[PDB]
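So you know, we letter chains A, B, ... as the sequences are listed, proteins then strands, and number each from 1. In what follows, every heavy atom counts, from backbone to side chain, and hydrogens, waters and symmetry copies are set aside. Note that ligands are numbered from 1 as they come in the structure, with each ligand's atoms numbered from 1 the same way.
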Protein chains: 2
Amino acid sequence: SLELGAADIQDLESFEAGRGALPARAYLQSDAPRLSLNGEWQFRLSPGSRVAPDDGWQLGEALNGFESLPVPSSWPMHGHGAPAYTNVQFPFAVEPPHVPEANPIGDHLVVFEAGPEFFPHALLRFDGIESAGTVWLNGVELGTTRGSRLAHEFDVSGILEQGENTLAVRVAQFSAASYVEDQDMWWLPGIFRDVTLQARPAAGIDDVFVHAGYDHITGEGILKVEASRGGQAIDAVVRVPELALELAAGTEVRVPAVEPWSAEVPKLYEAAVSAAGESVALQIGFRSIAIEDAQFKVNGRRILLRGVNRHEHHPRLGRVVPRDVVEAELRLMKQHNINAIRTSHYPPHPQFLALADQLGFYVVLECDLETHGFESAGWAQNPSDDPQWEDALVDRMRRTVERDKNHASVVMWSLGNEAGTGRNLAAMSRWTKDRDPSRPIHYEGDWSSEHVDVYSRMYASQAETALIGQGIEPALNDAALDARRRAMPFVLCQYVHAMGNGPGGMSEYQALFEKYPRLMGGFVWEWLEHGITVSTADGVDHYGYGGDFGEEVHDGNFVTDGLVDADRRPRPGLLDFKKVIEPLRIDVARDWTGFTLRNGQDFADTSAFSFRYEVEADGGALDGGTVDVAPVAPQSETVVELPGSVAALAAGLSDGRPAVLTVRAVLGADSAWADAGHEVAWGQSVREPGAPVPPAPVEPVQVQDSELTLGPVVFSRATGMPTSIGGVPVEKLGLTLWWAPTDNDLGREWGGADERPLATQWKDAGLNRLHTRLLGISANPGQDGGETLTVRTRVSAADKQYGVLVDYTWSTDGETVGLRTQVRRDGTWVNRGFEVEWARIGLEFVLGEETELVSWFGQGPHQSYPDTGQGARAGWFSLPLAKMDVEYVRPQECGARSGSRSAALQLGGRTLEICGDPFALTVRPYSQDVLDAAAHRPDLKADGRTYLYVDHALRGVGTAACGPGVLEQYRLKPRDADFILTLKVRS
Amino acid sequence: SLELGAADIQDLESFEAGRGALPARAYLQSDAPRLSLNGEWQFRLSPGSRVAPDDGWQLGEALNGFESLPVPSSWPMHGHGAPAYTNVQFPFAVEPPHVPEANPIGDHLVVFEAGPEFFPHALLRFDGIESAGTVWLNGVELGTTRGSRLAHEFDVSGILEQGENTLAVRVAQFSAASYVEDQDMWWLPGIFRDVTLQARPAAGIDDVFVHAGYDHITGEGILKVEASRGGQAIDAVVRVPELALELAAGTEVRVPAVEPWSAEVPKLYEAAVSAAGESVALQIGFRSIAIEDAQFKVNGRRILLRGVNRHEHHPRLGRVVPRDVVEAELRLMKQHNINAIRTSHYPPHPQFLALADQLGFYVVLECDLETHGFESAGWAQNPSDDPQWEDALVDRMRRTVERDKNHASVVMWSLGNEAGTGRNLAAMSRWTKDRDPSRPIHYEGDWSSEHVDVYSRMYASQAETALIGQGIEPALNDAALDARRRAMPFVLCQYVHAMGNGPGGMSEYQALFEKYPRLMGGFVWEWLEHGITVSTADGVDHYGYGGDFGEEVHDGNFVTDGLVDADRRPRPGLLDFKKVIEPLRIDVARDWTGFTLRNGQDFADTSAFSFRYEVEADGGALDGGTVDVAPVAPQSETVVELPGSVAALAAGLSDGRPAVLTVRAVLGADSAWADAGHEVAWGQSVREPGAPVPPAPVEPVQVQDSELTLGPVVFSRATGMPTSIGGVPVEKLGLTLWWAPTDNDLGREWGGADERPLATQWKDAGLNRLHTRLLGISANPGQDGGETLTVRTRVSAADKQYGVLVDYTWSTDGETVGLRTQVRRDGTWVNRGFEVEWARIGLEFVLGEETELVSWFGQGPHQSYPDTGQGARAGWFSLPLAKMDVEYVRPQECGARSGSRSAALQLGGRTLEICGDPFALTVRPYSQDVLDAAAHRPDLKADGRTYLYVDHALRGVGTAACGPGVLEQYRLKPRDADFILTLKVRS
Ligand SMILES: OC[C@H]1O[C@@H](O)[C@H](O)[C@@H](O)[C@H]1O
Ligand SMILES: OC[C@H]1O[C@@H](O)[C@H](O)[C@@H](O)[C@H]1O
Ligand SMILES: OC[C@H]1O[C@@H](O)[C@H](O)[C@@H](O)[C@H]1O
Ligand SMILES: OC[C@H]1O[C@@H](O)[C@H](O)[C@@H](O)[C@H]1O
Ligand code: NA
Ligand code: NA
Ligand code: NA
Ligand code: NA
Ligand code: NA
Ligand code: NA
Ligand code: NA
Ligand code: NA
Ligand code: NA
Ligand code: NA
């Protein structure tokens, strides 16, 4: 046997869970001496095991080819190799347990000093290594690590020396473990979490298991704190000063009156567990979880999960998320009404749990297991059902549970994600149920739900969710399993996929969640986009995605699919989600005399809120103030009278004059996660402006050689289009039926014989390449000598027989311009045997000047489409042109403001005003073809023009990239239509 | 009605065949004064009718914005606008008869002088205007033209002035006529054929209709020459000096003994038809066409059509083909055994016919009609069935027939191409049959063949052609139509689509054509690639295709689909076609004592040929000479003894020594189309070399730290691959299963539930991204202390479970290296539910040095794949590296030499020799990924390496871009395989 590297590769191809580590235990804050070894290490990268040197480097002499690297790190984020993104597909041939030849091997080394406090006994702790580590201390092999987001500890007693020590870690990117770590995220090798030296004093505490239940009938806590050393129960004293408790470890007691823990009221009691040589600090939250009557209950009450799936990602540091970023993003979640987190799809940093305990989230804590890439071969060779993987998979679940078992915020254990079905998942479940019966088990991969306590699905349609909510879903074939599952509460562990413009359809899910007790709620996919910061030539920063790093196989921008960008800037979808899940419902009376208030919280009353009202009209705020609301109990509702001045305004206002009454619930005092005045919920009553009044057509049409003039409008006799309106240059006016496809429009709509993405249906139909033919121009009798001008056109596409006849009828009294647009189908809009859907029925004005400011009356300030925009409230808004856009990583249709009644564009010295029955408003400095063609934001370029879109109809955006497409009521099928606009130019 | 251009557009949207022209007539050479107005004209381009100026330009004063342009021209070939390519799809919305707003309008003007010989009567002739012309002379509108490849004449009597005249022509690119001119070719507006002034003397001859039949029983000609003036029969004298004839026009006579016209013997008699004021010169070919017993017969004999479809294209002049290019390309056709031409899909230049008469081609003369783009809407609005188009379509057929009716070479009239079915096609057929019953009618669009005389199909499979050949195809539903069609002879008006690497499957068609009398033969699609010369930045010329000129809709390189490139350089497919259709069959005896000779001609014996033999061995030609063959009658065969020295050589040669006997039929004397010695047919008998002798494995394996040495081979212990062989640096050695897709591999294979193109099946399966894992390296006992080296690998692709185990076993005696390769499937090669086919089973050697020369024993000199290479004969060949490639416009797999037994690559100072059982040999200066990625030839770049491909198996190339894919016997399904090679390096 003559090839090199055979021994290294045999270890990497091992089915075992690594070797030499201490037993799995909790992460515990203790008074034992601790030394962080984080800092600047030395690093050397080789392309595979067979050429990785065996040159004595572990002794830190002859450091040929090492350079400085921070640890913790995801090494490709610091110029060593490159990040690589795949969703489902493995980036290596699928032949477990074998590894590819191209397998980055990273050799890490650090020299440190240990004082006498680390003797005689100490350990080394590694909180994460992707994917396989071998650890040496002073040349002595301690062992190996498997389970990339799991902790490993190694005893260094007798190996650690007083004074200088040399720690060496060889890390392989790929190993047999990669076959069970196929999460949809970047592949990023490294020592990416803390490395810590911990003294282990005699008579200490190795592990602690807190049991802190709550009896909602009596108000009592039920407390038992187990403590062990070396795997044996030990005498320790547990002290809980706030509850006046001093008790022995290992004894169960009843605490007469505790305040229970929930995400809404995350009450924690400080406790210490003390042995003669070591003391552990704990935060204890008393809460009990029960499944009863097909409901998921905490402390005796059904809860509603308002969740997100949280990955660990940083755009410049990879899997290393700095603590201040964690703290800020959790506050941002609370500020957007989120109360639940799924740790997709692996345990988080160990210090994450205390923050979730403190700030208050219901946490689904998920084991590091996903074998999704085996699905394409019908799950042949799936690790989850292969006996050779049993010890490895049970070890993952054991380490997951042991680390985090003391945290009140963890309300469910999850076995993993998209790992199919099989005997090893059943083993993991059995192990967990035996070890910790206090928490229900979650796993979506096995729909029969045989080895779980809740029924979990991902992206089940609103329709199917409604059936499950009513308990009337189709039965399993096994009647015993059906009876069990039909009696389980139901959770969407992932739903309303938040990629790009979207997600649509959130309100239809939320109405079900709030109506049906069996529906626990849902976790959006996902919290964050995994953008990675890159720069073009000339150094414009932007986010990159799959394929931007030279990957042979990748999944493009499917990793940029979140509610916030990688720097935690909200996408519009987060603003809408906040409103959809708001925990108070405020229904303002149409006569402005009061509002109905529903408290949708599970435990807290409304005493934390201040209730504010404001009345706004075109001239500004007319009135505002606070109203005193007696605290409303959870799940209750009341009517609140508004002060009489508000109704008096409603009475006085002229008919047709717009006015907006807004009632808001804000924090009355600072919380841990937001300041006093932070808005939690709102409701509105709107007095809509009257429909626009088209002008009297008293101005005649003036005929020149090549132009026509009608009041302030000049028209080309060659095209029938205006060339200027009140001095504003017009380069083009035409009908629009299409938009630059969203990420959702690039997804297939499963169901229906046509499974082309909508973007492809549009391209096949020519909707992205429409052309206009002029049929005629004629003047007609107006009023008092005036005339109207009718321009008749037909819109179609090359090689197609279907079209729409579009008639524009222009009128003017010299100041206001009336524009009537009439659209009539000419031939059936069917292509390749399927009906052609439209994006919109609208007009595109291309103006020959740049727009500085856009103002409108409608919804805002952010974008809104028919099935989104919940967070866009009624009002008057004004934005610089640049802020009308949405900085999605792949540019796509975005920025429409649906429900507009009036708009004003400032174009230098003139203002173009537009009024209509509800229309969508979009304004861009580049064309739709530039938007569509652009793959990254630097591809967008302003051309000195204004592209103004006025839509009479729009389709929704749905979630077709993953899950339901646009629901029927928001789809736009071809139809005939007519609509009126008025236009005015002020100088 | 206020829009501009309404009158111009109404004329362009007219269904009528234009106006003001003289009656259609023949193109006739006459002694009447003629003046060509070709030369430098003045030209002005406008973007559409509505802005085209009406500024008096037709009077040639105030020439604001005109510049010089040659006429004839296709104006986009001279920098005015751009060529645009579509295949089927129309480049404008389909709403006949309406035209798009973007419609290039070209205003042409020339001033010329007319002498007194053009008075009192003269006409102006236009032999082609694409697509709509309006003609003025001295400001007087003469009329308009429709039918872009048809002639129009206008009477200028009373309008032409003695002295200076001003001719003005406004030409619109698009008109209602564009809907009936949807040929797959470039859209190219212009005045693209001759413009001629012709005097019309009193007592002249306006039209002539030659009727020249042949009675094959008596050998007599049957002659009647009709002559008219002003639509009335006239007294004229017909003189045919060579036949001693002086006869009256309008009288039918029997000529006692003529020599009949055929493509093989294109006998023409010079004749003159004379009235008092004008004389016409004619070339008369006596031939009669008959359909009898389901056979297409000329002069009493069934013929075999060896055809091509000929478009008119020039890479720099567009639809203008210079006469010297026409003459040369026709000679090139004859030089490649072609005897028939279809004028796809419009009449050719009027002077083309005399050349076809003279050089000898059977011509299918096709009317300018194609409505293919209506098929996508189920032929809704198809002009061919719309009564409004009847006069326009009958006018096209009338002008087609009248122009060319006197030419012996025209043996069938065709109504058009891909125009569906309908009443107007039936009218065209009825008109033609009434006017000229001497020629059968062709039209493939109506398979029922109700209004035609032959059954025509395009790209019918070899299988279906065999059924039709035997008269056993499925019946039509109408038994009367079935009886008629089953009694028709059958022609493939298009077959073996010649796009890119290919066409495969030609031999299977040819065997049928020669076996079954009902099969008339076939016309390849097509003669030429319509490449257009363009240049990159830095000025490297290359051909462009669809999309290279900014087209919104286009069909890419589907216009580069010919046997020759646009400059008439042969593609390999033409060299193979020449051999497939060779009109003599030479079958050399295996004992080299003689050959069987079949004369496959229809009329001529073999007396025109000299029969040559040559014997070649490794050292060169051993013997050669001529053999006297008594002339063999058409459709007969004989055995010819070879001189005894040839057999004596066969006897003397050592067993296993390679030797090639070639017998060739060459022209014994110059012809009109080639020189004496031009090769027409050949046959060979080959004494194959013995299989290679692997060396005795007497050399041991030497083990170094990171390398192994086995005789002259050095191996990496990290990869198992050789790093040098006899000092030749080796960068990579690995298995190949894939090739850079051909144009055919990009086509769908209709039939079978999998209609992905093969290229897509390969991409989905990862065949374009294979990776290799090393399993082990070990030495084994050899002979006399020597050892063999076995390297075990596995080849697969990321995210796939299927692989192939590949074992390489190396041996050496210090000079020769033996390489045994064993391939074993590991898992089923099925992806997406369908079996994955392979391109090949071979090896890729990447050498670290450039190759100057490639020599081999096998077939050549050009490329050969399993279902091609008919023209590649056995022999020894040697080419510079650059000449191994094939300059297809879109680079793709090409250049393999199948059937190789030995190869030698000169790499500077060393020669690498390879021997094997038959293998395919390819050598390139760039990798397969560069080849695949390249869209035009300048994308290819040499990287300083040599890419050497040795294939044990290859698949065929088929014709899947249009018509049959690879036939079953040439497909390469996954299998297990083993093969031996020997390698030697000479310095
Ligand atoms: O973004 C697509 C998503 O699809 C789900 O099936 C998966 O569980 C998620 O991890 C993510 O990949
Ligand atoms: O102010 C009410 C709060 O209720 C919590 O349960 C939630 O996590 C917060 O996001 C906020 O909605
Ligand atoms: O190259 C594809 C070919 O397809 C045929 O159907 C057509 O008759 C030809 O003109 C050419 O378009
Ligand atoms: O030399 C025989 C010749 O026969 C003709 O019919 C044919 O057009 C030529 O290409 C050549 O084959
Ligand atoms: Na619920
Ligand atoms: Na994703
Ligand atoms: Na209050
Ligand atoms: Na809204
Ligand atoms: Na885009
Ligand atoms: Na035949
Ligand atoms: Na073509
Ligand atoms: Na002879
Ligand atoms: Na051959
Ligand atoms: Na290519």
statement: Checking heavy atoms under 4.0 Å, the part of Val680(A) that sits near ligand 2 is side chain
message: Quick check on the Na ion (ligand 9): does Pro741(A) put an N/O/S atom closer than 3.0 Å to it?
response: no
query: If the Na ion (ligand 9) is the vertex, what is the angle to O of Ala934(A) and O of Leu931(A), rounded to 10 degrees?
result: 100°
field: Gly360(A) N/O under 3.5 Å from ligand 2 N/O
entry: no
Cationic tip of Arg840(A) above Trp738(A) ring, under 6.0 Å, 45° of axis: no
message: How long is the straight-line distance from NZ of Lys334(A) back to CG of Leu359(A), given to the nearest 0.5 Å?
response: 7.0 Å
task: Using a strict 4.0 Å threshold on nitrogen-to-oxygen distance, state whether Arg955(A) and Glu837(A) make a salt bridge.
output: yes
task: State if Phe609(A) counts as touching ligand 2 under the rule of any non-hydrogen atom under 4.0 Å.
output: yes
- prompt: What about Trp739(A) and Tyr865(A), are their ring centers closer than 6.0 Å?
  reply: yes
message: Check whether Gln863(A) reaches the backbone of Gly895(A) with its side chain - one donor and one acceptor, N or O, closer than 3.5 Å.
response: yes
Heavy-atom donor-acceptor pair, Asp555(A) side chain to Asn87(A) backbone, under 3.5 Å: yes
Per-atom contacts of ligand 2 with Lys334(A), taking only distances under 4.0 Å to non-hydrogen atoms: 5 (C), 7 (C), 8 (O), 9 (C), 10 (O)
Top protein contact for atom 4 (O) of ligand 2, by heavy-atom distance: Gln601(A) OE1, 4.4 Å
- prompt: Can an N, O or S atom be found in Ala740(A) less than 3.0 Å away from the Na ion (ligand 9)?
  reply: no
query: Hey, is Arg873(A) close enough to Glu679(A) for a salt bridge, meaning N to O under 4.0 Å?
result: yes
query: Which is the closest N/O/S atom of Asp628(B) when seen from the Na ion (ligand 12)?
result: OD1
field: Geometric cation-pi criterion, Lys579(A) with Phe577(A): 6.0 Å, 45°
entry: no
task: Among all protein heavy atoms, pick the one closest to atom 3 (C) of ligand 2 and tell me residue, atom and distance.
output: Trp673(A) CZ2, 4.0 Å
message: Of all the N, O or S atoms in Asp932(A), which has the shortest distance to the Na ion (ligand 9)?
response: O
Contact atoms of ligand 2, heavy-atom distance to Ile338(A) under 4.0 Å: 7 (C), 8 (O), 10 (O)
- prompt: Can you check whether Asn337(A) has an N/O within less than 3.5 Å of an N/O in ligand 2?
  reply: yes
query: At a 4.0 Å threshold, what atoms of ligand 2 neighbour a non-hydrogen atom of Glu264(A)?
result: 6 (O)
- request: Would you verify whether the NZ or CZ of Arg924(A) falls within 45 degrees of the ring axis of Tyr949(A) while also being under 6.0 Å from that six-membered ring's centre?
  value: yes
